[PDB]
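Step one of this worksheet: look at the structure below.
Quick note on labels: first sequence line is chain A, next is B, and so on, each numbered from 1. Computed over heavy atoms, backbone and side chain alike; hydrogens, waters and symmetry mates excluded.
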Protein chains: 6
Amino acid sequence: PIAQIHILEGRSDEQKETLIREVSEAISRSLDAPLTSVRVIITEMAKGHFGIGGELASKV
Amino acid sequence: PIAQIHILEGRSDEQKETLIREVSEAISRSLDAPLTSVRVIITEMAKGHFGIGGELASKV
Amino acid sequence: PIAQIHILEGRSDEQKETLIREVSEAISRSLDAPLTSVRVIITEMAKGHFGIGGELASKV
Amino acid sequence: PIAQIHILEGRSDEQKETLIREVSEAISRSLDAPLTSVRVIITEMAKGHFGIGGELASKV
Amino acid sequence: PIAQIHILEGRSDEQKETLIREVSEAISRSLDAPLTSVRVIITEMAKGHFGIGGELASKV
Amino acid sequence: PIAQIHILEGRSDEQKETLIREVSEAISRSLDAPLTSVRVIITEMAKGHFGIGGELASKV
């Protein structure tokens with residue numbers, strides 16, 4: 001499987017490392033797929049590039 | 001709904017703010033969906049990362 | 001610009017047609033970009049393929 | 001956060017339900033983010049639409 | 001590398017097979033990357049789901 | 001067609017230029033589509049944002 005995760009910028013390298021690990025395990029375990037077949041892409045969004053309800057997520 | 005918009009880098013924060021607003025309204029109005037259910041992601045492309053017809057968009 | 005919109009399945013062709021139009025206008029007007037430069041992709045999600053808070057959107 | 005997962009077609013509804021749950025928990029726990037802020041999109045690929053090394057995944 | 005290609009529905013399985021091959025070779029050769037490291041995803045769009053300039057691609 | 005290519009950061013501008021060209025030609029030739037109808041987006045991933053088997057690609 002291939003996962004792309006969009007998260008707001010601001011997290012530590014460590015947190016992102018954990019995220020990649022935990023999500024990979026969750027996917028592998030969920031589908032009974034080899035862990036090595038799981039590929040994860042993290043894409044960070046600048047606070048001014050994410051909107052919710054037409055408002056910058058940063059201010060809502 | 002969830003919208004991801006790919007635009008070439010170079011726009012002001014303001015223009016991007018407007019973009020997020022107008023697009024969210026257009027989506028909400030178009031589908032009769034609550035505005036708060038609309039999430040927008042803007043992804044900027046470096047001029048050297050967008051091609052059209054095999055040529056850098058920057059030079060075509 | 002290039003926009004990809006993820007929406008739950010269930011809308012009429014007409015509504016999707018409107019969505020494509022309104023969103024294209026909103027983008028063109030927002031960035032002062034030629035309308036013809038706006039490309040829109042609609043991607044529908046089966047009700048069982050969209051989760052919110054770990055629950056199928058269909059039941060939350 | 002917003003996650004999009006690309007998986008080959010063939011899994012049961014149940015497996016996909018589990019996937020959405022486990023992945024949402026993994027993301028929430030990994031980033032200390034409210035579970036309700038996690039949105040997951042599953043996108044299935046037809047066996048003839050996924051290539052690895054230039055070969056259809058189906059035959060490699 | 002990971003490539004996702006959005007194309008309008010209507011092509012034969014064969015054409016899509018070729019597409020996956022040629023694109024994989026082009027990527028591998030372009031970056032001097034092992035062919036086996038190239039993964040390709042083809043995503044087809046229904047004619048009513050692709051807009052250009054606010055009009056359905058089908059009618060423009 | 002519209003192609004989005006995810007590659008790890010580190011390549012020269014030149015290599016990316018070539019990539020855009022070769023991939024565009026491969027797509028145009030593969031589908032017998034006008035070269036000018038091919039649009040390519042390159043998205044670079046920071047080494048700490050790409051995971052394989054739950055491990056940072058950088059260290060596997």
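- Below 4.5 Å, heavy atoms of chain A meet heavy atoms from D:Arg11, D:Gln15, D:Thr18, D:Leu19, D:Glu22, D:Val23, D:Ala26, D:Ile27, all part of residues 9-27 of chain D.
- Residues of residues 48-60 of chain A that come within less than 4.5 angstrom of chain D, heavy atom to heavy atom, are A:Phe50 in numerical order.
- Residues of residues 34-43 of chain A having a heavy atom under 4.5 Å from any heavy atom of chain D: none.
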